[PDB]
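*Asks:* Please find one structure pasted underneath; my questions will follow.
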Amino acid sequence: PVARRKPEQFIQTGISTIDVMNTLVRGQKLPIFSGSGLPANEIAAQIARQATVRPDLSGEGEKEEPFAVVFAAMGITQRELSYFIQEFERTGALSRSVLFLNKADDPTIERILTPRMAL
Amino acid sequence: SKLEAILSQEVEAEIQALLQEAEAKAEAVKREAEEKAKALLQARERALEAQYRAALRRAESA
């Protein structure tokens, strides 16, 4: 625990309240206890592609954060898969990235292991 | 009469005041336009350039 650098900065994203009013800090266990009668995906991946960390304001160079997009949902509707393919195919986070995404098919076994993986 | 002399000069000063008033209202009109036109042009140039920089991004990304 000792080895671990202390937080000191935010990370930008161009998404407003959710950096501004309350602010995503580095390392942070950013937890979207949601309104779950409303689904994630959009507000998720919206703020995915839109998100990008940049320490302009710090006056430290920006060409030093290989911007590595790691994506995990699970039990996923194919519907949502197509929303994926929709968002993604725009963004280069089509492709600087992994998806990992346990289809609603995807047997319950792999389901389990799912999290550990890209982590 | 001296009586009508005062009526003359009085009315006449109102004539002078109307024109003068009008000029100031014309300037006020004038000044709206200048700012407005300028204010329209910048923001829409602005926007297009951003839509440009972002457009190429997606291209490059391909």
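If you're wondering about the labels, chains in the structure tokens are A, B, ... by order shown, residues count from 1 in each chain, ligands from 1 in order shown.
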I'd like the neighbourhood of residue 83 (chain A) as a list in words, where a residue qualifies if any of its atoms comes within 12 Å (using only C-alpha atoms), though same-chain residues fewer than 6 positions away should be ignored.
*Replies:*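 Final neighbour list, sorted by chain and number: residues 40, 41, 42, 43, 44, 45, 46, 76, 77, 89 and 90 of chain A.
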*Asks:* Write the residues you've just listed into a file as a CSV table (one decimal), in the first residue's frame, and include N, CA, C and O atoms for each of them.
*Replies:*
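That gives us out-v4.csv:
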chain,number,residue,atom,x,y,z
A,40,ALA,N,-27.5,2.3,-18.6
A,40,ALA,CA,-26.1,2.8,-18.6
A,40,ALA,C,-25.7,3.4,-19.9
A,40,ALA,O,-25.3,4.5,-20.0
A,41,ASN,N,-25.6,2.5,-20.9
A,41,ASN,CA,-24.8,2.3,-22.1
A,41,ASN,C,-24.5,3.6,-22.8
A,41,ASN,O,-23.4,3.8,-23.3
A,42,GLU,N,-25.5,4.4,-22.9
A,42,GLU,CA,-25.5,5.6,-23.6
A,42,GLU,C,-24.7,6.5,-22.8
A,42,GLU,O,-23.6,6.8,-23.1
A,43,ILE,N,-25.2,6.9,-21.6
A,43,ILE,CA,-24.5,7.7,-20.6
A,43,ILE,C,-23.2,7.2,-20.3
A,43,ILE,O,-22.3,8.0,-19.9
A,44,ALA,N,-23.0,6.0,-20.5
A,44,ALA,CA,-21.7,5.3,-20.3
A,44,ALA,C,-20.8,5.8,-21.4
A,44,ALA,O,-20.0,6.7,-21.2
A,45,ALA,N,-20.8,5.1,-22.5
A,45,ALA,CA,-20.0,5.2,-23.7
A,45,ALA,C,-20.1,6.5,-24.4
A,45,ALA,O,-19.2,6.9,-25.1
A,46,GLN,N,-21.0,7.4,-24.0
A,46,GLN,CA,-21.1,8.8,-24.4
A,46,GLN,C,-19.9,9.3,-23.8
A,46,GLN,O,-19.0,9.8,-24.4
A,76,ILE,N,-24.8,-9.2,-21.8
A,76,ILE,CA,-25.2,-8.0,-22.6
A,76,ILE,C,-26.2,-8.4,-23.6
A,76,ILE,O,-26.1,-9.4,-24.3
A,77,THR,N,-27.2,-7.6,-23.8
A,77,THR,CA,-28.1,-7.6,-24.8
A,77,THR,C,-27.4,-7.3,-26.1
A,77,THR,O,-26.5,-6.5,-26.1
A,89,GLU,N,-17.7,2.6,-33.7
A,89,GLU,CA,-17.1,2.7,-35.0
A,89,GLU,C,-16.8,4.0,-35.4
A,89,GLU,O,-15.8,4.2,-36.2
A,90,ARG,N,-17.4,5.1,-34.8
A,90,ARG,CA,-16.8,6.4,-34.7
A,90,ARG,C,-15.5,6.4,-34.2
A,90,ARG,O,-14.5,6.4,-34.9
*Asks:* Tell me as an MDAnalysis selection string which residues belonging to chain B come within 10 Å of chain A, counting only C-alpha atoms.
*Replies:* chainID B and resid 57:62
*Asks:* Go through A:98, A:73, A:47, A:11 and flag the residue nearest residue 27 (chain A), using only C-alpha atoms for the distances.
*Replies:*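 Nearest to residue 27 (chain A): A:11.
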*Asks:* Could you work out how far CA of residue 48 (chain A) lies from CA of residue 45 (chain B), giving the answer in Å with one decimal?
*Replies:*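 CA of residue 48 (chain A) lies at a distance of 27.7 Å from CA of residue 45 (chain B).
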*Asks:* Using only C-alpha atoms for the distances, tell me which of A:9, A:34, A:16, A:28 is nearest to residue 55 (chain A).
*Replies:*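 Distance minimum relative to residue 55 (chain A) lands on A:9.
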*Asks:* One decimal, Å: what's the distance from CA of residue 96 (chain A) over to CA of residue 68 (chain A), could you say?
*Replies:*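 One can read the CA of residue 96 (chain A) to CA of residue 68 (chain A) distance as 5.9 Å.
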*Asks:* Can you pull out the residues contacting residue 24 (chain A)? Cut-off 12 Å, using only C-alpha atoms, and skip same-chain residues under 3 positions away; I want them as a list in words.
*Replies:*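 That gives residues 7, 8, 9, 10, 11, 12, 13, 14, 15, 16, 17, 18, 19, 20, 21, 27, 28, 29, 30, 31, 32, 51, 52 and 53 of chain A.
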*Asks:* Emit the selected residues as a CSV table (one decimal), in the first residue's frame, including N, CA, C and O atoms.
*Replies:*
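Output contents, as saved in result.csv:
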chain,number,residue,atom,x,y,z
A,7,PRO,N,-2.9,10.9,-4.6
A,7,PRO,CA,-3.6,11.5,-5.7
A,7,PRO,C,-3.4,13.0,-5.5
A,7,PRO,O,-3.0,13.5,-4.5
A,8,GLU,N,-3.7,13.7,-6.6
A,8,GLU,CA,-3.2,15.0,-6.7
A,8,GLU,C,-3.8,15.7,-7.8
A,8,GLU,O,-3.7,16.9,-8.0
A,9,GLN,N,-4.5,14.9,-8.7
A,9,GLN,CA,-5.0,15.5,-9.9
A,9,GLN,C,-6.2,14.8,-10.3
A,9,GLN,O,-6.4,13.6,-10.0
A,10,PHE,N,-7.0,15.6,-11.0
A,10,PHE,CA,-8.2,15.2,-11.7
A,10,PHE,C,-7.8,14.7,-13.0
A,10,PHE,O,-6.6,14.6,-13.3
A,11,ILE,N,-8.8,14.4,-13.8
A,11,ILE,CA,-8.6,13.9,-15.1
A,11,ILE,C,-9.7,14.4,-15.8
A,11,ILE,O,-10.8,14.5,-15.3
A,12,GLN,N,-9.4,15.0,-17.0
A,12,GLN,CA,-10.4,15.8,-17.7
A,12,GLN,C,-11.2,14.8,-18.6
A,12,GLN,O,-10.8,13.7,-18.7
A,13,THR,N,-12.3,15.3,-19.2
A,13,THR,CA,-13.1,14.4,-20.0
A,13,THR,C,-14.1,15.1,-20.9
A,13,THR,O,-14.7,14.6,-21.7
A,14,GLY,N,-14.2,16.4,-20.6
A,14,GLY,CA,-15.2,17.2,-21.3
A,14,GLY,C,-16.7,16.9,-21.0
A,14,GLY,O,-17.5,17.0,-21.8
A,15,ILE,N,-16.9,16.4,-19.8
A,15,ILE,CA,-18.2,16.0,-19.3
A,15,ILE,C,-18.4,16.7,-18.0
A,15,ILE,O,-17.4,16.8,-17.3
A,16,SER,N,-19.6,17.2,-17.7
A,16,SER,CA,-19.5,18.5,-17.1
A,16,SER,C,-19.6,18.4,-15.7
A,16,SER,O,-18.6,18.4,-15.0
A,17,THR,N,-20.8,18.2,-15.1
A,17,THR,CA,-21.0,18.0,-13.7
A,17,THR,C,-20.1,17.1,-13.0
A,17,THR,O,-19.7,17.2,-11.9
A,18,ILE,N,-19.7,16.1,-13.9
A,18,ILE,CA,-19.2,14.9,-13.4
A,18,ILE,C,-17.7,15.0,-13.6
A,18,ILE,O,-17.0,14.0,-13.5
A,19,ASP,N,-17.2,16.2,-13.6
A,19,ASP,CA,-15.9,16.5,-13.4
A,19,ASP,C,-15.9,17.8,-12.6
A,19,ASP,O,-15.0,18.1,-11.9
A,20,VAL,N,-17.0,18.5,-12.7
A,20,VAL,CA,-16.9,19.9,-12.3
A,20,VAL,C,-17.5,19.9,-10.9
A,20,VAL,O,-16.8,20.1,-10.0
A,21,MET,N,-18.7,19.5,-10.8
A,21,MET,CA,-19.4,19.7,-9.6
A,21,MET,C,-19.0,18.7,-8.6
A,21,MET,O,-19.0,18.9,-7.4
A,27,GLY,N,-7.3,7.4,-10.1
A,27,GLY,CA,-7.3,6.2,-9.4
A,27,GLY,C,-8.6,5.8,-8.9
A,27,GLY,O,-8.9,4.6,-8.9
A,28,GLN,N,-9.4,6.9,-8.6
A,28,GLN,CA,-10.8,6.9,-8.0
A,28,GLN,C,-11.7,5.8,-8.4
A,28,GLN,O,-11.6,5.3,-9.5
A,29,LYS,N,-12.6,5.4,-7.4
A,29,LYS,CA,-13.4,4.2,-7.5
A,29,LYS,C,-14.7,4.6,-7.9
A,29,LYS,O,-15.7,4.4,-7.2
A,30,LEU,N,-14.8,5.2,-9.1
A,30,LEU,CA,-15.9,6.0,-9.6
A,30,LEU,C,-17.1,5.2,-9.8
A,30,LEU,O,-17.2,4.5,-10.8
A,31,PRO,N,-18.2,5.3,-9.0
A,31,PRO,CA,-19.0,4.3,-8.9
A,31,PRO,C,-20.4,4.8,-9.2
A,31,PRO,O,-20.9,5.7,-8.5
A,32,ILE,N,-21.0,4.2,-10.2
A,32,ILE,CA,-22.2,4.7,-10.7
A,32,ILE,C,-23.2,3.8,-10.1
A,32,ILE,O,-23.7,2.9,-10.8
A,51,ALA,N,-14.8,11.4,-23.1
A,51,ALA,CA,-13.8,11.5,-22.1
A,51,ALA,C,-12.4,11.5,-22.7
A,51,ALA,O,-12.2,10.6,-23.6
A,52,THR,N,-11.5,12.4,-22.2
A,52,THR,CA,-10.1,12.3,-22.5
A,52,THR,C,-9.3,13.2,-21.5
A,52,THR,O,-9.6,14.4,-21.4
A,53,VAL,N,-8.4,12.6,-20.7
A,53,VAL,CA,-7.6,13.2,-19.7
A,53,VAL,C,-6.4,14.0,-20.3
A,53,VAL,O,-5.7,13.5,-21.2
*Asks:* Using only C-alpha atoms, find the one residue out of A:36, A:86, A:108, A:102 that sits nearest to residue 71 (chain A).
*Replies:*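 Under the stated criterion, the closest residue is A:102.
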